[PDB]
Amino acid sequence: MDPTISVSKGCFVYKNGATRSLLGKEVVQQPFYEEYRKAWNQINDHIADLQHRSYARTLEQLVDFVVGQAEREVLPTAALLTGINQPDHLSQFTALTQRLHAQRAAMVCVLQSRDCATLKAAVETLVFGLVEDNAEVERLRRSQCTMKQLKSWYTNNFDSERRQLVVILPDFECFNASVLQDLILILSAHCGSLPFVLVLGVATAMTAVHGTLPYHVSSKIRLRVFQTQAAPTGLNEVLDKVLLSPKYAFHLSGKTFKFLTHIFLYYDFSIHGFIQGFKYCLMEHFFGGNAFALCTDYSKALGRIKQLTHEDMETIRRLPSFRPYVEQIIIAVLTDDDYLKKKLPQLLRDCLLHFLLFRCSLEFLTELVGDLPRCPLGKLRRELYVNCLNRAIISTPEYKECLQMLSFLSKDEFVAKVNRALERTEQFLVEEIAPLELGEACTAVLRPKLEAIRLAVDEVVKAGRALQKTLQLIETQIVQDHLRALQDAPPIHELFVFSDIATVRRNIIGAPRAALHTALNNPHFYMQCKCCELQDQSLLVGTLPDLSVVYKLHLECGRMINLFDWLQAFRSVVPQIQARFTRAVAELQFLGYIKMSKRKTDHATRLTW
Amino acid sequence: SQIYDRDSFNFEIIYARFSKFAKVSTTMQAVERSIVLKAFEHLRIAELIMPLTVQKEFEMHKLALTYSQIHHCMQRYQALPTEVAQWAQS
Amino acid sequence: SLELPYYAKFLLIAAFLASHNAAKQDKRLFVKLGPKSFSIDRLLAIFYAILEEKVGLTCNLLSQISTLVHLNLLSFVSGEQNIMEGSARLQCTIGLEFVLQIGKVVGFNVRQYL
Amino acid sequence: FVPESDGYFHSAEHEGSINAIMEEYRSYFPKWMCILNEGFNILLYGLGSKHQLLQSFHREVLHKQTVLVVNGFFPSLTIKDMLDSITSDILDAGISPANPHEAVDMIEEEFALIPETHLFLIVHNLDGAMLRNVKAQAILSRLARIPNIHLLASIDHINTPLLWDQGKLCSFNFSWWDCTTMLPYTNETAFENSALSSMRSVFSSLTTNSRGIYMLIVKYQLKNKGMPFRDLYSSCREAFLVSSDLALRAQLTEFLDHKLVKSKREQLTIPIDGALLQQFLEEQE
Amino acid sequence: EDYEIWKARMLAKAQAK
DNA sequence: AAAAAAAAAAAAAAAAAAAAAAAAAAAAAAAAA
DNA sequence: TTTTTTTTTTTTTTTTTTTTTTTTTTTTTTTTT
């Protein structure tokens, strides 16, 4: 058959120059790869900086706890109440280790639950981690690493100067219970000899630590509880300050934004999974060609226009927002390639200014509706962002219900809310819009509209119809023009937003059973034959493949399956037929749909119900 | 053990039989579930209770004492309140 | 104060109803001592019965089952070597107050399905 | 996909079509290189055999790279073989330690020292018969997290993510691809994990005394429609077929060696129905 | 519709102005 | 629904395979002359 | 520069630990009444 279907081995090495940046140069020098690398590195550095600014307070508390233990038997321990998303947490501990290597306050060993199956392996991993941590800051065997060697090493090194011995346990729930209890007893027995600090990584609650630590074990424990900020709070902070930040030209659409937030809030609280899904979305957007490399600031996009080729204009011609720009004006647009080359920077500055005014109008309207009760549009910026990019926001009945509830209030609360909206929008314009390039025209366009709103507030505070005038003016100069949908968007807005959701939905969320169910119900969806078509999903025509017929034939039967009537009904549908049926029951057992029971002479049981 | 003829017990069975007494005692009104669970664990690690060798609050057990030892403990205990000393008789 | 995702909450109360509510009564309650054991097919059946949204059986749902096992909210009384083969048996290892808190923050009454 | 729970509670043109399918899947290969460059891993989950597709990806694209092809459907595969293979044949560092997670720690520490040295590994049937435990998936997910090591893998079983928790699924930074070919499972199902003529061919190689002994066993079994040891020993001793009892135990162990009679507790039951035994008894006359 | 036939019809009607 | 056989599975003992340690042997570096 | 001594690394051999086979006993399932 094949070279790799050997009956003896299972693994095959194709070493070509291995000893003790995957793509070529022709793809890297393309401008979309450089633009995607710059944008992804910017977004990843911003998310890392936000996570550092979130974690730094609890990091300082833990460092002060270790130092205050050093300035000082039971051992001092510190349960760190992290979230359920474990792969987000260990990097946090690494940051703590770096700070504990800054002040020379301790040296840190990390005990994973995979290394601590027994007490011997846990003690050996602990001593080896501490000794190699000292060796790496400034080799013993596996069976040589003992607590007596740790005591001798600590006497030889750090008795003359004290360094704490911080023991970090990142996955407290996944430990063997008896190994963890005996490790706490071992560490508490050596108090006074070796200064031990025990940092825990409890993910669920303090009830877990109180349950898995018995009476005699918790008699030697002086724990102090720390709290980390929650994963929905970190998600909302990342969404407020990065994904809605105006200084990135790459926008998401409403459906992809809702898809990624649904993946976070409904399935798994993993910030890293959100980051990798957003990275895949940014990669799938920018990997459409050099035409999508114009999605940056103004000067770099103008340069990329000046270096652009012919096929990039040919693929910005095909995008659906380009054609109503043509129909609204013709003989030079569609083929001549230079009329569009001189017409593009106006469209680029139009889309950039439209998205900047969209963010500012979104800030204004979320301050206006955010303190309102009953929240018909949502509380934060993100739900209003989805509802304002999805559809016509004024044609939606939720905005009319919002207007009915804003009319049901007094004049004092309305005046206070619109003054708060004016002050917040001016603060957002002076802080975050002002350093941004092509931001001067943004303020110079949106600010006289705000002067109109503020003068309407001035006439309603000087004198019920002026409240309605303020509401309709807020509608007319903020909600109508600067808060469009994605269908009422400007021309050629595809380069900047990303609406391709079915391909990303297939390639991020994995549905093996849907594809198996479709390929076993109608193979015509995959084979695309002119003969295997089915009107309904149970016709069972004769030109079907073999495994589809056997799956349909066992699907209608009961729990227990006989070989005889199933083989006879297969002969009724479709020698070598026995070899084909043996091949079919082997392939259908291989997928996990049925199972041949052990010494049930021919009867096989279906595991799917 | 005297009612069910040395059947194996549990934390929940003994906690129910104790909480029926603690509601009328006028001394043990304010004990939680976790304090009685820690008292059960202290009886377990002193081997006055031995496992049959499941969750910790549901693992089956055996009493490692005789009835005469508990009856002598009821006479030798210092400052035993009279509610417990009356509950021990019936 | 254990924060969970939405479908992890529903899988956790479905596992509580799978361990508590007397599997002979599953023929009546959904078709429209000690915690008893259950198989993951029964857990997914009760999950789709009580969710009433009929979400897709993707990889994230079974990953949520595995990471609720990993977080010691469920456990493995039997199996652990035939986890995909249908002979693995799980057990729920939480109480009634947490299930009532989950049902309150969702809005789904568990005492109707108890 | 929505499975209905009530069922649990109540309990030619094909070749050209497959050729067009395979050309469509061969179109995805520079996209797969662009995806593997950015840190993702490839997972295929179609219906048919994805062996030939991954082999053609290894031939047409990864022809000069360090590629460890692992057959997960191999029933005598172990993690010791894969880790010994990585530490010894690629990295030249001898046998991996017996702790496999320590071997993965060694592999991470050794691949940290050699950047721009990428190990690709192509695992046909990642849910294979010896990778369905949690430890092997933990080792494979720890290998997939390394920025030098890239992973392509196949998935065929229906219950595959039951052993991937969210930590393994964030280590396995998968890009899921629906590579549904319609090829049959010839190479995957051929191995070791998946008669009256045999009885006559075994009875051909018997001697005269063993023929008389099995004749006595089948004659008693068909007369009384298993048999005890004592009456069998008396029947062999009355016909001068045996010298002692231990020679009968040796001949019955020789019979159990060839799966002809079954011992039970000594009960001797022949595990074939009475009608074919009657035909075999009439065959010698 | 197809971009080819739409571009062709728009160019043909642009010659029909 | 219970009594009794029966095949499958678990416990335990015993032997082998593999890992680890310790000694022998060969190669290398540094002193003797 | 050549010879002899002592260090270092490799290879072989022995010991200890882990895994695997094999026998025994239990144990949950299946057939008969």
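Residues numbered from 1 in each chain as written, not as in the entry; some residues may be left out. Chains lettered and ligands numbered in written order. Part of a larger assembly, values for the part shown. Heavy atoms only, no water. Residues with missing side-chain atoms left out of burial classes, pairs and counts.

In its metadata, the entry names cryo-EM as the structure determination method and reports 3.2 Å as the resolution.

1. Looking at the overall build of chain B
Per the secondary structure count, chain B includes 4 helices and 2 strands. Reading the secondary structure of chain B in the N-to-C direction produces α-α-β-β-α-α. Since a compact globule built from 90 residues should have a radius of gyration of about 12 Å, the 14 Å found for chain B is in line with a globular shape. Projected onto the principal axes, the alpha-carbon positions of chain B cover approximately 35 × 30 × 25 Å. (Helix = DSSP H or I, 4+ residues; strand = E, 2+ residues; numbered from the N terminus. Rg over C-alpha atoms; globule rule 2.2 N^0.38 Å.)

2. Overview of the overall build of chain D
Helix and strand counts for chain D stand at 14 helices and 7 strands. The globule rule puts the C-alpha radius of gyration for 285 residues at 19 Å, and the 29 Å found for chain D is more than 25% above it. Overall, chain D is about 85 × 50 × 40 Å in size when its C-alpha atoms are taken along their principal axes. When the 285 residues of chain D are sorted by exposure, 54% land in the buried category. Considering chain D, the positive charge centre built from 23 side chains and the negative charge centre built from 34 side chains are found 11 Å apart. (Buried < 20%, exposed > 50% of the residue type's maximum accessible area, 1.4 Å probe, protein only. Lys, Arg positive; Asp, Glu negative; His and termini not counted. Charge placed at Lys NZ, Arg CZ, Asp CG, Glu CD.)

3. Overview of the interface of chain C and chain D
If you look at the interface, chain C gives 27 residues, while chain D gives 23 residues. Counting the contacts that link chain C with chain D gives 1 salt bridge. Taking the shortest distance from any N to any O, the salt bridge between C:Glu85 and D:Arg132 comes out at 2.7 Å. At the junction of chain C and chain D, the tally comes to 6 residue pairs in polar contact. (Contact = heavy atoms within 4.5 Å. Salt bridge = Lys/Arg side-chain N within 4 Å of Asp/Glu carboxyl O. Polar contact = N/O pair within 3.5 Å; in protein donor to acceptor, adjacent residues only side chain to side chain.)

4. Brief notes about the pairing of strand β3 (residues 119–124) of chain D
Residues and elements named next belong to chain D. Counted residue by residue, β3 has 6 buried out of 6 residues, so it is predominantly covered. Both faces of β3 are covered, namely the face carrying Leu119, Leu121 and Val123 and the face carrying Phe120, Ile122 and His124. The sheet contact formed by strand β2 (residues 66–71) and β3 spans 6 bridges and is parallel. Among the inter-strand pairings, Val67 is bridged to a residue of β3, identified as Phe120. Where β3 and strand β4 (residues 150–154) come together, 4 bridges link them in parallel fashion. Each residue of the ladder has a partner; that of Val123, found in β4, is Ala153. (Pairing = 2+ DSSP bridges.)

5. Description of the sheet that holds strand β3 (residues 106–110) of chain A
Residue and element names in this part refer to chain A. Taking strand neighbours across the sheet as the criterion, the 5 strands line up as β3-β4-β5-β2-β6 in an open arrangement whose pairing is parallel. The sheet is open, and its two borders are formed by β3 and β6 (226–227), each paired with just one other strand. In this sheet, β6 lies alongside strand β2 (residues 77–81) in parallel orientation, the contact comprising 2 bridges. Note that in β6 the partner of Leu80 across the bridge is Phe226.

6. Points about the environment of D:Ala129
All names here are of chain D. If you trace the backbone, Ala129 turns up in the loop between β3 and α7 (134–144). Under the relative-accessibility criterion, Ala129 is labelled partly exposed at 41%. On a C-alpha basis, the gap between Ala129 and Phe74 in space is 7.3 Å, while along the polypeptide they are 55 residues apart. In contact with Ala129, not counting residues within four places along its chain, are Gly72 and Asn193.

7. Things to note about empty space enclosed by the protein
Taken as a whole, the largest cavity spans an internal volume of roughly 360 Å³. Lining the largest cavity we find 23 residues, and of these A:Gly273, A:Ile508, D:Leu169, D:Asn173 and D:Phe174 sit closest to its centre. Its residues placed into classes, the lining of the largest cavity shows 13 nonpolar, 9 polar and 1 charged. Empty space within the second largest cavity amounts to approximately 100 Å³. Broken down by secondary-structure element, the contributors of at least two residues to the lining of the second largest cavity are α4 (59–70) of chain C together with α8 (166–171) of chain D. (1 Å grid on protein atoms, 1.4 Å probe; cavity = no way out; pocket = protein on both sides within 12 Å on 5 of 7 lines; lining within 4 Å. Points joined across faces, edges and corners; volume = space filled by probe spheres on them. Nonpolar A, V, L, I, M, F, W, Y, C, P; charged D, E, K, R; others polar.)

8. Considerations on the interface of chain D and chain A
Between chain D and chain A, the contact holds 75 residues from the first and 68 residues from the second. Taken together, both faces of the contact between chain D and chain A bury some 6700 Å²; the carbon and sulfur share is 60%. Where chain D meets chain A, there are 2 salt bridges. When the shortest N-O distance is used, the salt bridge between D:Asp92 and A:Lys15 registers 3.8 Å. At the boundary of chain D with chain A, the tally comes to 18 residue pairs in polar contact. (Buried area = accessible area lost by both parts, 1.4 Å probe.)

9. Re the protein's contact with DNA strand F
Every residue close to DNA strand F is listed here: A:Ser143, A:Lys598, A:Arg599, D:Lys80, D:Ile95, D:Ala98, D:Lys264 and D:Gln267. Sugar and phosphate atoms represent 100% of those atoms of DNA strand F found within 4 Å of the protein. Note that a phosphate oxygen of DNA strand F is positioned 3.2 Å from one of the side-chain N or O atoms of D:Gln267. Looking at the surface near DNA strand F residue by residue, the classes come out as 2 nonpolar, 2 polar and 4 charged. (Near = heavy atom within 4 Å.)

10. Observations regarding the packing of helix α11 (residues 271–286) of chain A against helix α3 (residues 29–37) of chain D
The contact between α11(A) and α3(D) brings their axes to 12 Å, and the two run at 135°. Compared by their axis directions, α11(A) and α3(D) come out oblique. The two elements α11(A) and α3(D) meet at a crossing, and its hand is right-handed. Between α11(A) and α3(D), the contacting residues are A:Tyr280, A:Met283 and A:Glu284 on the first element and D:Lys31, D:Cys34 and D:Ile35 on the second. Residues belonging to the contact of α11(A) with α3(D) are distributed by class as follows: 4 nonpolar, no polar and 2 charged. (Axes fitted to C-alpha atoms, helices over the stretch in contact; angles between N-to-C directions. Parallel < 35°, antiparallel > 145°, perpendicular 65-115°, else oblique. Left-handed = near helix turned anticlockwise from the far one by under 90°.)

11. Description of the nonpolar core
One finds A:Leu243, A:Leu252, A:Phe364, C:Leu4, C:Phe47, C:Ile50 and D:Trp32 to be the most contacted residues of the largest nonpolar core, which totals 190 residues. Counting residues per element, this core draws most heavily on helix α15 (residues 339–370) of chain A, at 17 residues. Dropping the residues within four chain positions of it, D:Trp32 is found in contact with D:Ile42, D:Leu44, D:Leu53, D:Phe57, D:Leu152, D:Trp177 and D:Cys179. Within the second largest apolar cluster, 80 residues are counted, among which are A:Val585, A:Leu591, D:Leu68 and D:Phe74. (Core = buried A, V, L, I, M, F, W, Y, C linked by side-chain atoms within 4.5 Å.)

12. Let's talk about the sheet that holds strand β3 (residues 89–92) of chain C
All names here are of chain C. In spatial order, the strands read β1-β3-β2; together these 3 strands make up an open sheet with antiparallel pairing. A single partner strand is all that each edge strand has here, and the edge strands are β1 (38–39) and β2 (74–78). Where β1 meets β3, 2 bridges bridge the pair, whose relative direction is antiparallel. Bridge pairing links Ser39 to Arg89 in β3. Its contacts with the sheet place helix α1 (residues 6–20) against β1, β2 and β3, and it is angled at close to 100° to β3.

13. A short note on unusual backbone geometry
With a phi angle near 55°, B:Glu47 is a residue other than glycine that sits in the positive phi range. Within the chain, C:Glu80 stands out as a residue other than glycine whose phi angle is a positive 65°. Mapped onto the secondary structure, C:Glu80 falls in the loop between β2 and β3.

14. Re the arrangement of the chains
The structure contains 6 pairs of chains in contact, of which chains A and D account for the largest number of contacts. Nothing in chain C touches chain E, and the closest approach of their C-alpha atoms is 33 Å. Taking C-alpha atoms only, the smallest gap left between chain D and chain E, which are not in contact, amounts to 22 Å.

15. Comments concerning the layout of surface pockets
Gaps left between atoms show up when a probe the size of a water molecule is rolled over them. Residues and elements named next belong to chain B. The calculated volume of the second largest pocket comes to roughly 2200 Å³. Along its surface, the second largest pocket is lined by 44 residues, and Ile14, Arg17, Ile70, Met74 and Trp87 are the ones closest to its centre. For the lining of the second largest pocket, the secondary-structure elements that each account for two or more residues are α1 (11–22), α2 (33–45), α3 (67–76) and α4 (82–87). Top contributing element to the lining of the second largest pocket by residue count: α1, with 9 residues. Looking at the lining of the second largest pocket residue by residue, the classes come out as 33 nonpolar, 8 polar and 3 charged.

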